[PDB]
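Participant: Would you mind keeping the following structure in view while I ask a few things?
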Amino acid sequence: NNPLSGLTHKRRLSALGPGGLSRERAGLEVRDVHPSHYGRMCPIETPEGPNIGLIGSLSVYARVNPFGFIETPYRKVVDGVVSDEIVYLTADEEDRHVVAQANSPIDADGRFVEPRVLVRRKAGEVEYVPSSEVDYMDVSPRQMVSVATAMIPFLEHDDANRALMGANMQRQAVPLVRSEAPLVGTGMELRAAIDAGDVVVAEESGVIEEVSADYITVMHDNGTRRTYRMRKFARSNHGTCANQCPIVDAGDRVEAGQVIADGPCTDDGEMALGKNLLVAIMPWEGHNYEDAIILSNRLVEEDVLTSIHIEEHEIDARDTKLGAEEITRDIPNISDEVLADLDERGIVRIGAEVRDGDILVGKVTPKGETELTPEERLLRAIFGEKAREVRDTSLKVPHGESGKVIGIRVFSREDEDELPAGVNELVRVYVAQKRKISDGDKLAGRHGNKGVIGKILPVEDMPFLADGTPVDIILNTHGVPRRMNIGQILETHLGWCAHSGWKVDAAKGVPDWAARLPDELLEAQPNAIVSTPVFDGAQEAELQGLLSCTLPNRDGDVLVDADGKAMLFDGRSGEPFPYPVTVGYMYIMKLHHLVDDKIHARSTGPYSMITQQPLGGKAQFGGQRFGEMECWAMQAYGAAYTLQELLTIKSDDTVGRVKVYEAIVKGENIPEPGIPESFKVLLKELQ
Amino acid sequence: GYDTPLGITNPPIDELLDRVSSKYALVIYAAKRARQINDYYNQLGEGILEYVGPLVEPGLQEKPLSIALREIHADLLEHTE
Amino acid sequence: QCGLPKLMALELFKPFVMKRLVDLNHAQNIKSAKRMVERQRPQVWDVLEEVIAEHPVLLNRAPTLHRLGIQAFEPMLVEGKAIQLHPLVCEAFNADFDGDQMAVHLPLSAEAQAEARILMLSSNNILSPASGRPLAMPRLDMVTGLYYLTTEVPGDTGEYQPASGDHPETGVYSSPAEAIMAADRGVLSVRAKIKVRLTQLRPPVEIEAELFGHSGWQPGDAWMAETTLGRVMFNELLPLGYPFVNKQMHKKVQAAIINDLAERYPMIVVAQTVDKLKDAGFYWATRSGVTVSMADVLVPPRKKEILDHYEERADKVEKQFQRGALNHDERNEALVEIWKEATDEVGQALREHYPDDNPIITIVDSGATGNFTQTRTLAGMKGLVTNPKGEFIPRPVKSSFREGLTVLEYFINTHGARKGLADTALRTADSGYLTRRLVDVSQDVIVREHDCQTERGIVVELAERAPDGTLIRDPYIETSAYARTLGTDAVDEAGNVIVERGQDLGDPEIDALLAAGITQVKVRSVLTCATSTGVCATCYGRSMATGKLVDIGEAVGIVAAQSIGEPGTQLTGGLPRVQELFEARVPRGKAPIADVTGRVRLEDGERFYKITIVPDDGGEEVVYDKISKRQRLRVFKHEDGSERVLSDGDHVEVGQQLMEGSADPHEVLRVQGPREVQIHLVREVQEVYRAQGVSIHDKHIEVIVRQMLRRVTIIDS
Amino acid sequence: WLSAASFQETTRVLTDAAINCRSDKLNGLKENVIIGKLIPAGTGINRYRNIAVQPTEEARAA
Amino acid sequence: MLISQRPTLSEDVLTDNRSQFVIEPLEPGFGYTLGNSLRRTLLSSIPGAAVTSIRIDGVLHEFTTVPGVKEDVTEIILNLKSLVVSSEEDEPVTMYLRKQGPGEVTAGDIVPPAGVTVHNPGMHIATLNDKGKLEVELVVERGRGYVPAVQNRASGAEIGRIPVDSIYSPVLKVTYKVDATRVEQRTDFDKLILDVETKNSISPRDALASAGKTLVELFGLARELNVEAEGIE
Amino acid sequence: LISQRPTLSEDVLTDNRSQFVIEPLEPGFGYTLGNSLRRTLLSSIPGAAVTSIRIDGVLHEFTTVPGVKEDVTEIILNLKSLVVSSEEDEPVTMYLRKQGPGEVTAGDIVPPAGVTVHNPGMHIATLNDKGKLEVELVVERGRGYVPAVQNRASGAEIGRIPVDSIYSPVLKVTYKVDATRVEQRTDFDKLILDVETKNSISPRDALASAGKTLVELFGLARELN
Amino acid sequence: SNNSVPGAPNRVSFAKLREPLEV
RNA sequence: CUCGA
Ligand SMILES: [Mg+2]
Ligand SMILES: [Zn+2]
C-alpha cells in the first residue's frame, strides 16, 4: 500500500504456519503480551481481526542472534554509573539482571540521581531498587515499540486500543499525487522511509551530472558515473501508484547515503502518509455524527487528497476444439463507434479514456453450430448474416472501473514469448484512474481516529477563521473523550504552533516552562517541522506555553488563544460561533478503503453452476448473501412473502427468476415462486 | 391532529390500521388489490371482463401499491378473512 | 427515507428502467433498452427517478442481531457512491460511521413491497421489541444539543430581575417571538430564566387545572411561565396538547417523553416528532461550544497530596511485608484496597474541581456518551491495570493520559487492553452460538389463538410493603409487571376492583394499583397459556414494539430469542451462567434445597457439614451431606428476621434455598412443581442481565422456558 | 427431521431418521424456508393468506 | 459568466398575516447566502411604530400593583407592548387612554390622535374593578426592529414614566430552511423556504417586497462600483 | 432613531487586496451582509482558466518528457496555479515552445489576442540540454470550479489532456463588524469587508460582480405574486 | 536537530534524553 | 492466507 506497509511486512513475526500452531488451537494465552516481549516484539502493533496476537512486529532496536532468539541492546551500568558500552541480551539473559527504565535521571558523569529508581525485574515486576543494583538500562525510551508504532506522536497520551489502530491504519495509507511531510513528527519518519527502500539514496558521494524525470546521473569524485533510474507510475501489489521523483538539481554536491529522489509517501526523505489539514473540533449540523467526517471542497479542487490507482486487465487467445481464439478488431454485430478506440489489432490505444463496458481487447472464439439456441438459429436466419461462427469474448472494463489506458504489453507465441501450452497471444492493459476524495472515502489520523467522509461542503460553507481562511476538516467532539486518544488534541495544538511559529520572551531570562526545552525551540518560523519522540517529546507544560507565544499572521493578529481555541464564523449564516473552538493542524491519511471500490450492486448476473445461486464477491459481479441470521429477522417481522421471494425467484429458482425478469419488462405481475434447485440437489445428495 | 404525511408515510400508518384487524392483514388487503389495479392497466387495451379500475383518482405515474393503499384509507374496498 | 447512490439504483432497478425506457419511447425495443442502461445514456437518470418513486428498499448491516437489523426505507436518489442513512436508526443497526457497509435488497412482488411499507418501515419501528423503550431517539450530538438550550443559567444575560427601585420587572417578554428578537439583538440569552406569555403551548396539567381545569386549555389562551427561551423552543417541537415540561433535557428525560409519546400519541406523530428533535438537536449541538482542548482537561488540585498519602500506606504495607507479618498473597490484596481506595479519592477530587461549563463534563453528564471513569482515567489516573492473568497488578498506573504514561506504565497497560480485544471475539462467538440455539428451540412458537380462556396466571411482586408504612416500588416492575395482562381482578381493602381482568397494564394503571394499597397482582402469562401448539394472544400481552396487544400470527418465539441473544455481547455469573440455565445443566453452584418443609437440624462440624430436617407433618428425617466450603443463605424467617442466617431451629418452607449458589433446576422441578421451576429460571436468567444494565422483559425469557417443559417422560406404559 | 438435520449433529439425526423411517409434515418455519413455501407465521398463516378483496358496490361512471 | 434560469417565487398563505414563501430553484448553494439575509432584513429593516414608554396615574415609586384593576403593573405593559399601531408622523406622539367604572378596557377605548391608527381595537388591556378608574399615557414612535427598554431610560421624564421594549418591526417571527431540488439531474440545487408571521399592519407579501427593495438598494452600492458581468437571468 | 442611507467607501491595502466599509447598518445586520458577499465572492465571480492541455510527446498524464525534471502529472499540477483572463468567452489556444538548458516559466507562454498571463514568473518545468517542451493550452471562461471534462463526454481525441478548471479569481474573503452597543438612542453596525484577488481582476471589480449577482437575485422578492 | 547523519531536512526535536545508540 | 465492521 505504502512504503511503511512494506517495511512492516518484512519485520513481521508470525506464529501461524507449518511447525508453529493452528489458528484453531491458539488460545487466549498465546496471543496476549508477555513481559519478555519488552524491546523485542511490539505490544501495540498487531491486527485486531482473527489474527490478533498471532502476528506481531519486531521492535526497533531488536535483532536476532544465530540461535533464533531476539536480542535487545542495553547500556551496562557498572556501579550506578552509566556507560556507553552497549551489549545485546537475549530474553533469558535479561532476567538474570535488573535493568533501569530509559528515562532515568542521570548525572553528567553517569550516576543516578535517586537511590531508588524504577527498574524491571524477572517475571514482570516493577519496583524501586537501590542505585547500586542497576546492572543495565534501556537504550532509548521508544525501545519497546515497533517502527510503525514509533511514528505516532504523543503516543503516551493514547490508550493501547486506539494506538493499535493508529499503527495498523498508517500501513493502509494511500500514496497521494503530491506528498507533504507532517508538521508534527516523531523523528522516525526519516529512517522509516530510507530503510523501507522506496526512495533513491546516493551510493557514493559526488555531483549531479544530469537529472531528468527519467533518471539521475551522479559524477563521483574518482571519476566513475552511477545512474539511478526512476520508477514512474508503476502499479504496486495493491493497486497503489508507486512513483519516484527526483529531488536534487543539476550540479548539486550530494554526500554518500543521501536521498537524491523519493518515491510514494515520501517528502524530502520522510514518510508522508497524509497531508496537514486545518481541523476544527466541533459538531456541525450532524454531518459528522459519531465518527463521520466533514471535508472542505478545497481538498477536491486542489487535489490534496487525490490519489492515483492502477488496475491490471488481462486476456489470452487460446486454441479451441473448433479453431483458435483470435484477437481482432472485427467483432460480430458491433458498430464502428464502440471499436473506435481500438487500433487495427483490436487493442485499445494508449491514452484513451475508457468507462465500464468499453472494449479493451477484441477476442472472438469460434462456437459450434450444434451449440445454437433454436431462437438464435432463427434470429441468425432472419438477419442473413452467415459466416459468424464466432462469438464475442472480448476483454471489457469491469463495473466500477474507469480511467486512462497508460500501457499495453503483448505476448505472442509467434514472437518467441513463452506462453502456457495452448495459448497463442496474451495482452495486458494497464488502466490508471485519478481518484479525488469522495463522499464515503475512509480517512484517519495517527491516533486510531477513523471515519468516512460524510459531507464535502463548498469552501464558503466551511466555518472560517478571522482572516477568512476556512478550515479543511471538521472532526466531531463527541468521538474524542471516549477513545482516550488525546494525542490528536495535543497534535492539533503543536500542529498549529508549527504552522504559525513562536517566539519565547527572552527578556528577563528564560521562562520557567521553557527551561527544559532546547535552545533551538525558543524561536520557530512558520511551517516549521518538529519531532515528538515516543515516550519522550513535548510535555504539557511546554505545549501550554507555546500556545501563549504563537506568531501572528501577516496582518499582525493572533488567531488562536492561549487555550488553543479560536473564534470561527458560520459560513452558512455569517454569525460567529457562540464559543471558541479548538483549531489547529492535524495529519490526516487517506486509507485504502474508498467507495470507488466498495460500492457494488447487481440486478441479475452469473450463478454458481452447482447450486444455481448467485455468485459471491464484487469481482465476480455477484449478489449479496441474505444469511441465516437475516432470515430470522424476516420471520420476526412476519414478512413471509419477502422471505419466500428472497429464497426463490430472486435466488435459485431456475424458471422463476427468468419469468420474473420477463414479468417486469412486460409490466405484468410477479409470478408464483417455484421450488429451489438447491433443494433438488439436497435430495439427490441424500440419495 | 398531525403534520402532513410526506412521501411513503402517506396515508398515515395509524389510520390504515383502523380499517384492518392487524398489521399482517393490511399487507394482504393492499397487495391483492394492487395486483388487481396492475392487471387493469395491462388488460385495458385488450380483453373484456377486465378487473375493476382504480376506485380513487390516481396521480400521474402513481404506483399501484400507492393507489391501493389510498383507497383502503377511503373505505372503498371490502375484505374476507 | 434513505439516500442511495444513483449508480446503485440504476443497476438495482435495471429491469424496471428498461420497461419505462420503451414506454416513453426513449428506446425502440426492450433489447436496445438494455444497451441504454449498460451505456448509461442521459435519458436513464430522468427515467430512474420515476421508477424508484415510493418503491421501498431494505437496508441491513451485519450482524443481524435483532429484527431491526433490517429496516425498510423510501429511497431518494443522491449523487456520490455512499449510502445515506438516517441518524436515528443507528442505534438499531449498532452502526457507527468509521467504514461500515450496508446491504440493500429490492422487494419485487406487491406483497413484498407491502410487507416493507407496513411491517418493516423504519418509522413504524421506533420502539425496541425486546424492552419497549425507544431506539430512534436523540443519542449523541442530538442529546447534547437539546441538553444545551434546556439549561437554566443564573448569571446569563437577559435574565429576569424583580422590580426594585424606579425600574419595574426586567426580563418579562410578551411573546416568545419577542424573546427571540431580544436574543437576536443580544440582550437576552437562550439559556436565561425569563417570564414569557405563551399562547400555543398547553400548560402543565398541574397549572392547567388552576387556570382552566373545568375545560382543557385552548390554543389561543395565554398563560405565564418561568422558563428559558430555549425551553420554549424545545416544547414547540412537541405536539400541541402535550403538557409543558420545564425540566432540563437529559437523555433519560427525553427517553421518558418519547416513551410516553409512543404509548398515548399515534405512530406517525412519534415518527415526525423525533425528526424535529433530530434537526433541533443537531442545530444547537453545533452552537453549544462543545470542544476538547488541553486547557479543558483540568487536573486534580490535590493530585500530589492524594497519592503521597497512599504511597505512604503502600510503603507501610511494603514494610509490613519485609518483616514477614503479611503473606505474599495477602500483600497484593492489601495493596489493591489501598489503590482502589486511592482512585476513588482522585475521582472525587475531579468532580468538585471541574465546573459544569467544562465540555468534558457536559458530554458525560448529559447522557451523550462516555463515563466519568473515562474522564477520571483521562485527567486523574488510570488506576490498577490487569495483567493477562486476571488479578490487578500490585502497582498502579499513577499517571493520567493527559500527563503522559511512562514507558513501563504504558507497557503494563497494554496487557489488559490486548486481552480485552482478544476475548471480545470469543465472547461474541459463544453469544452468537447461544442465540442460534435459542432460535431453533422457539422458531415454531406462534400466536395462533386470541384467548385460551385459562384463568391461570402467576403472582407478580408489584411492590414491597414496609415497616414504615409506605409501599416501596419493586425493582422488577419494568421487566415483570409492565406490559402484562390481568387474569384476576385487583382487589384492595375496599370491595371495589381497581383494574378489570384482561386489561393491558399501562403506565397509569400501575399507579392505580400502587395508590390503591394492593401490592400483588395475578397476571396472564405465556407459561400458563393452555394451547395445543402456539400461545394465545391474551396470555402473551403487549407487543413491546407495537405498544399494543400482540397480533395473531406474530412469531413471538423468534422475537423473544433475538431479544435475549442481542445483549449477550456484554457479560462476565456471566455468559456461561446463562448457558447453564437455558441448557438445564447441573450447575457449578449446586446449591441444596429443602425437600420438605419443617424444622432445621443443623449438625455442623469442621471435617464436613451434615444437615437434617424433621418433617413438620409426619414423614421421617431426611439426611444430607455437604462440604463446609459453602455458606448458608440468609433466609427470611417466620419471626420477622429477613437476614436470619440459617441456624438450627428455623422454620424453612418447602423448596427453600439452603446454602448460597445456584439450586439445581432439575431438582427444583421434582420438589415444588413445574409452575415454580419456570419462575426460578426466569428471574435467575434475568439477574444475569439486570446485573449488567440490560432490561429484557420476563415475557421473552418465559417463551423459552415454555419449550423446555413441554415434554414429560413415561414411568409406566 | 428436516428442522433438526439443519441445526446440529446432521448425521446423528439423519441416521435415526432413516431407521425409524420418519416422515416430516412440512409445517414449520425452518422447513418451509428450505422448500420455498410461505412460512406459517405473519402474513403466511391461512387467516391472512387466503383473503379476497372486492370493491364496494359504489362505483364510478367513467 | 453564464445564464442561470428558472428562479421563481411562490407563496402559500397559512393565515391572513402569516405566509410561506419558496424561492426555487437557487443553484447550489445560494439558498443560504440570501437565506439568513432575507430573514434579518425582514426582522430589522421595515419601518414600524410601537409604544416607547407609558405612564400610569397613581403609580409613582411602587410599580408593583395598580389599585382598582386586577392586573398588576407588568401585565399592563405586556398587553400594551402587543398593541399594534401605525403612524404617518415621524416625530414621537403621545396617546392617552382613560376609562372609569366597572367593566373592561380595550385598545378601542383608546383615543388616537390624527395620523395614528390602532389595528386591534378588540385587544384586552385591563379589567376594571368596581368603582375603578384607569388613566395611562402612551408614547408611540417610529423605528425599525426591536429596541430594549433600557436604552429608553433617558426618554422618560422623572415623574412616574416607565420605558418599555419597542416592537417596531411589523413582522413577529421569521424562520427559514433550505432543501434540495433537482433542475437537471443534479440534486444539489437549493430550494429556500421562508415562513413569515407578521402583525396586521401589513401582509407577508408587502413585508417581503419591502425587504427586497432595501436589499437591492444595499447591494446596489457594490453594483455601482464597476458594472461588470455576473451570473444573471 | 431614524434612517440614514448606508454608504460604501473603498480602502486599498495592496494591488490585490482592498477593505470595504459599509455603514450605517442596523444592529446585527453587519455579519449577514458580509457573509452574503463572501459566499458570492468565493463562488460566483466570472474568470478564465485552462480547460485542457496538449503536450506533443505524451498521450496522457502518467508519463515523462525527455529532458524535463517533472513528470506530466507534476507539470499539470504546476499549471493549476496559472492565473489568466480571457476576453473571448470562447475556447482559445495558447502555445509554449522552449528548448535547451533553462527553466520554463509562465512568461514563456505566448497568449493569443484577448488572453493574458498574470504571473509570468511561475515555475512550470526545468529543462536540461536534451529537454524540449512543446505545449498547447486551451483556455475557456466560466465561473466557480469545474472538474476535467471527460474524453467520452467531449469530442476531444486521445492526445488531449483535460485539466480541472478553477475559474474563481478571488483568493481570500473575510469581514468584521464593530457594534456600537452604548445604551442610547443610536445603535448601528459598521461592516468591514476584506477582499483579496489573484491579479486577474481588482478587488472592487469582484465585489461589483457579487453586487450585480445579488442585486439580481434579491429582486425576486420585490416582484409581487 | 534530529538525525543529523544523512543530510536530511532539519526537524527540531523536543528531546530531553540523548540517544546512545542509533537505530 | 491477508484485511474491513
Ligand atoms: Mg463501525
Ligand atoms: Zn394463553
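Identifiers in the C-alpha cells: chain A, B, ... in order shown; residue index from 1 per chain; ligand index from 1 in order shown.
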Counting only C-alpha atoms (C1' of nucleotides) and all ligand atoms, which protein, DNA or RNA residues come within 7 Å of ligand 2, given as an NGL selection string?

Facilitator: :C and (451-454 or 525-526 or 528-531 or 535-540)

Participant: Using only C-alpha atoms (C1' of nucleotides) and all ligand atoms, find each residue with an atom at most 9 Å away from ligand 1 and format the answer as JSON, numbers by chain.

Facilitator: {"A": [291, 451], "C": [94, 95, 96, 97, 98, 99, 100, 101], "H": [5]}

Participant: Store the residues of this selection in a file with N, CA, C and O atoms (P, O5', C5', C4', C3', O3' and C1' of nucleotides), as a PDB file, in the first residue's frame.

Facilitator:
ATOM      1  N   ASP A 291     -18.252   9.739  14.449  1.00  0.00           N
ATOM      2  CA  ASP A 291     -17.058   9.380  13.681  1.00  0.00           C
ATOM      3  C   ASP A 291     -17.145   9.720  12.195  1.00  0.00           C
ATOM      4  O   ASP A 291     -16.196   9.420  11.466  1.00  0.00           O
ATOM      5  N   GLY A 451     -12.765   7.453  10.249  1.00  0.00           N
ATOM      6  CA  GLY A 451     -14.088   7.886   9.849  1.00  0.00           C
ATOM      7  C   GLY A 451     -14.234   8.071   8.355  1.00  0.00           C
ATOM      8  O   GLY A 451     -13.260   8.377   7.660  1.00  0.00           O
TER       9      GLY A 451
ATOM     10  N   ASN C  94     -26.769  -0.722  15.365  1.00  0.00           N
ATOM     11  CA  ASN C  94     -25.478  -0.651  16.053  1.00  0.00           C
ATOM     12  C   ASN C  94     -24.394  -0.161  15.094  1.00  0.00           C
ATOM     13  O   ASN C  94     -23.246  -0.608  15.132  1.00  0.00           O
ATOM     14  N   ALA C  95     -24.767   0.778  14.227  1.00  0.00           N
ATOM     15  CA  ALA C  95     -23.930   1.211  13.117  1.00  0.00           C
ATOM     16  C   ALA C  95     -23.256   2.534  13.452  1.00  0.00           C
ATOM     17  O   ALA C  95     -23.933   3.552  13.630  1.00  0.00           O
ATOM     18  N   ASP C  96     -21.929   2.518  13.537  1.00  0.00           N
ATOM     19  CA  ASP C  96     -21.151   3.743  13.553  1.00  0.00           C
ATOM     20  C   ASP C  96     -20.713   4.069  12.127  1.00  0.00           C
ATOM     21  O   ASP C  96     -20.973   3.318  11.185  1.00  0.00           O
ATOM     22  N   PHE C  97     -20.044   5.205  11.959  1.00  0.00           N
ATOM     23  CA  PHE C  97     -19.644   5.624  10.622  1.00  0.00           C
ATOM     24  C   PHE C  97     -18.129   5.715  10.507  1.00  0.00           C
ATOM     25  O   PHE C  97     -17.585   6.776  10.186  1.00  0.00           O
ATOM     26  N   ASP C  98     -17.444   4.604  10.761  1.00  0.00           N
ATOM     27  CA  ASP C  98     -15.993   4.515  10.657  1.00  0.00           C
ATOM     28  C   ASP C  98     -15.589   3.488   9.607  1.00  0.00           C
ATOM     29  O   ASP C  98     -14.625   2.741   9.778  1.00  0.00           O
ATOM     30  N   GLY C  99     -16.330   3.440   8.504  1.00  0.00           N
ATOM     31  CA  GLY C  99     -16.070   2.492   7.443  1.00  0.00           C
ATOM     32  C   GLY C  99     -17.067   1.360   7.321  1.00  0.00           C
ATOM     33  O   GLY C  99     -16.778   0.381   6.624  1.00  0.00           O
ATOM     34  N   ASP C 100     -18.224   1.459   7.969  1.00  0.00           N
ATOM     35  CA  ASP C 100     -19.225   0.406   7.888  1.00  0.00           C
ATOM     36  C   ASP C 100     -19.848   0.348   6.500  1.00  0.00           C
ATOM     37  O   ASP C 100     -19.930   1.351   5.785  1.00  0.00           O
ATOM     38  N   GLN C 101     -20.289  -0.849   6.126  1.00  0.00           N
ATOM     39  CA  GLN C 101     -21.023  -1.080   4.892  1.00  0.00           C
ATOM     40  C   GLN C 101     -22.380  -1.684   5.220  1.00  0.00           C
ATOM     41  O   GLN C 101     -22.540  -2.380   6.228  1.00  0.00           O
TER      42      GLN C 101
ATOM     43  P     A H   5     -12.482  -1.230  10.535  1.00  0.00           P
ATOM     44  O5'   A H   5     -14.012  -1.641  10.688  1.00  0.00           O
ATOM     45  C5'   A H   5     -15.040  -0.842  10.120  1.00  0.00           C
ATOM     46  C4'   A H   5     -16.407  -1.387  10.447  1.00  0.00           C
ATOM     47  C3'   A H   5     -16.671  -1.690  11.914  1.00  0.00           C
ATOM     48  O3'   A H   5     -17.002  -0.538  12.666  1.00  0.00           O
ATOM     49  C1'   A H   5     -17.407  -3.502  10.586  1.00  0.00           C
TER      50        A H   5
END

Participant: With DSSP run on the backbone, what are the strand (DSSP E) residues within region 34-91 of chain E? I'd like them as a ChimeraX atom specification.

Facilitator: /E:47-56,85-87

Participant: Pull out every residue of chain D that has at least one atom within 7 Å of chain C, counting only C-alpha atoms, and report them as a PyMOL selection string.

Facilitator: chain D and resi 28-29+41-42+45

Participant: Provide as a PyMOL selection string the residues of chain F at most 9 Å from chain E, counting only C-alpha atoms.

Facilitator: chain F and resi 1-3+6-8+22+26-29+32-33+35-40+44-47+89+141-143+182-186+204-225

Participant: Could you take the residues named above and write them with C-alpha atoms, as a PDB file, in the first residue's frame?

Facilitator:
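Saved the output as out.pdb:
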ATOM      1  CA  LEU F   1     -33.781  56.788  15.793  1.00  0.00           C
ATOM      2  CA  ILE F   2     -34.444  57.125  12.053  1.00  0.00           C
ATOM      3  CA  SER F   3     -32.845  56.056   8.792  1.00  0.00           C
ATOM      4  CA  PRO F   6     -25.724  53.437   4.177  1.00  0.00           C
ATOM      5  CA  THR F   7     -22.551  54.318   2.295  1.00  0.00           C
ATOM      6  CA  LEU F   8     -19.738  52.124   0.980  1.00  0.00           C
ATOM      7  CA  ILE F  22     -20.344  49.870   4.756  1.00  0.00           C
ATOM      8  CA  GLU F  26     -28.802  48.090  11.526  1.00  0.00           C
ATOM      9  CA  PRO F  27     -27.672  46.224  14.661  1.00  0.00           C
ATOM     10  CA  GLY F  28     -26.906  42.571  13.980  1.00  0.00           C
ATOM     11  CA  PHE F  29     -27.182  43.249  10.229  1.00  0.00           C
ATOM     12  CA  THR F  32     -25.085  38.648   7.482  1.00  0.00           C
ATOM     13  CA  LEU F  33     -24.238  41.189   4.773  1.00  0.00           C
ATOM     14  CA  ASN F  35     -21.316  36.660   4.564  1.00  0.00           C
ATOM     15  CA  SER F  36     -23.722  37.045   1.631  1.00  0.00           C
ATOM     16  CA  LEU F  37     -20.970  38.926  -0.207  1.00  0.00           C
ATOM     17  CA  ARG F  38     -18.260  36.463   0.853  1.00  0.00           C
ATOM     18  CA  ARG F  39     -20.263  33.458  -0.357  1.00  0.00           C
ATOM     19  CA  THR F  40     -20.919  35.096  -3.731  1.00  0.00           C
ATOM     20  CA  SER F  44     -19.759  33.050  -8.480  1.00  0.00           C
ATOM     21  CA  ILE F  45     -17.191  35.564  -9.776  1.00  0.00           C
ATOM     22  CA  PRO F  46     -16.540  35.047 -13.515  1.00  0.00           C
ATOM     23  CA  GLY F  47     -12.992  34.194 -14.535  1.00  0.00           C
ATOM     24  CA  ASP F  89     -15.572  33.927 -23.666  1.00  0.00           C
ATOM     25  CA  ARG F 141     -14.181  31.199 -19.471  1.00  0.00           C
ATOM     26  CA  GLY F 142     -16.692  30.186 -16.806  1.00  0.00           C
ATOM     27  CA  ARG F 143     -17.213  30.555 -13.064  1.00  0.00           C
ATOM     28  CA  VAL F 182     -23.619  52.079  24.071  1.00  0.00           C
ATOM     29  CA  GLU F 183     -27.049  52.143  25.716  1.00  0.00           C
ATOM     30  CA  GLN F 184     -28.593  55.175  23.991  1.00  0.00           C
ATOM     31  CA  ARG F 185     -30.976  56.088  21.171  1.00  0.00           C
ATOM     32  CA  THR F 186     -28.365  55.333  18.478  1.00  0.00           C
ATOM     33  CA  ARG F 204     -13.503  46.274  -6.426  1.00  0.00           C
ATOM     34  CA  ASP F 205     -14.332  44.537  -9.718  1.00  0.00           C
ATOM     35  CA  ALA F 206     -15.006  41.278  -7.859  1.00  0.00           C
ATOM     36  CA  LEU F 207     -17.262  42.952  -5.290  1.00  0.00           C
ATOM     37  CA  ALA F 208     -19.047  44.651  -8.194  1.00  0.00           C
ATOM     38  CA  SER F 209     -19.727  41.245  -9.768  1.00  0.00           C
ATOM     39  CA  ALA F 210     -21.007  39.858  -6.464  1.00  0.00           C
ATOM     40  CA  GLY F 211     -23.073  43.032  -6.145  1.00  0.00           C
ATOM     41  CA  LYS F 212     -24.744  42.652  -9.540  1.00  0.00           C
ATOM     42  CA  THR F 213     -25.277  38.953  -8.779  1.00  0.00           C
ATOM     43  CA  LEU F 214     -27.109  39.670  -5.510  1.00  0.00           C
ATOM     44  CA  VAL F 215     -28.992  42.740  -6.776  1.00  0.00           C
ATOM     45  CA  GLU F 216     -30.405  40.474  -9.491  1.00  0.00           C
ATOM     46  CA  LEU F 217     -31.228  37.696  -7.014  1.00  0.00           C
ATOM     47  CA  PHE F 218     -32.937  39.683  -4.248  1.00  0.00           C
ATOM     48  CA  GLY F 219     -35.068  41.342  -6.939  1.00  0.00           C
ATOM     49  CA  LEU F 220     -37.086  38.102  -6.948  1.00  0.00           C
ATOM     50  CA  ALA F 221     -38.708  39.056  -3.620  1.00  0.00           C
ATOM     51  CA  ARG F 222     -39.712  42.518  -4.838  1.00  0.00           C
ATOM     52  CA  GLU F 223     -41.950  41.150  -7.605  1.00  0.00           C
ATOM     53  CA  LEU F 224     -45.490  40.528  -6.392  1.00  0.00           C
ATOM     54  CA  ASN F 225     -47.464  37.321  -6.852  1.00  0.00           C
TER      55      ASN F 225
END

Participant: Would you mind listing what lies within 7 Å of region 266-275 of chain C as a compact mmCIF listing (two decimals) with N, CA, C and O atoms, in the first residue's frame, with only C-alpha atoms (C1' of nucleotides) counted and same-chain residues fewer than 6 positions away left out?

Facilitator:
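Produced file part-v1.txt, reproduced below:
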# COMPACT_ATOMS: atom_id res chain seq x y z
N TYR B 2 -52.12 15.99 13.24
CA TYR B 2 -50.72 15.66 12.99
C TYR B 2 -50.25 16.45 11.78
O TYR B 2 -51.05 17.02 11.03
N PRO B 12 -51.24 7.93 6.43
CA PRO B 12 -50.69 7.64 7.76
C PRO B 12 -50.93 6.19 8.15
O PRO B 12 -52.03 5.65 8.00
N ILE B 13 -49.87 5.54 8.64
CA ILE B 13 -49.94 4.14 9.02
C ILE B 13 -50.90 3.93 10.18
O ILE B 13 -51.32 2.80 10.45
N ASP B 14 -51.27 5.00 10.88
CA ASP B 14 -52.19 4.88 12.00
C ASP B 14 -53.64 4.74 11.53
O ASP B 14 -54.39 3.93 12.07
N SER C 123 -40.11 3.98 10.27
CA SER C 123 -40.96 4.86 11.06
C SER C 123 -41.96 4.08 11.90
O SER C 123 -42.44 4.58 12.92
N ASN C 124 -42.29 2.86 11.49
CA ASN C 124 -43.22 2.02 12.22
C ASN C 124 -42.52 1.12 13.23
O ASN C 124 -43.16 0.21 13.78
N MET C 137 -34.13 7.69 18.86
CA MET C 137 -34.24 8.88 19.69
C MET C 137 -32.92 9.63 19.64
O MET C 137 -31.91 9.08 19.20
N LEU C 237 -41.37 21.86 19.56
CA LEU C 237 -41.21 20.65 18.76
C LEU C 237 -42.23 19.59 19.15
O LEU C 237 -42.75 18.87 18.29
N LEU C 238 -42.52 19.49 20.44
CA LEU C 238 -43.54 18.56 20.90
C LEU C 238 -44.92 19.01 20.41
O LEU C 238 -45.16 20.21 20.24
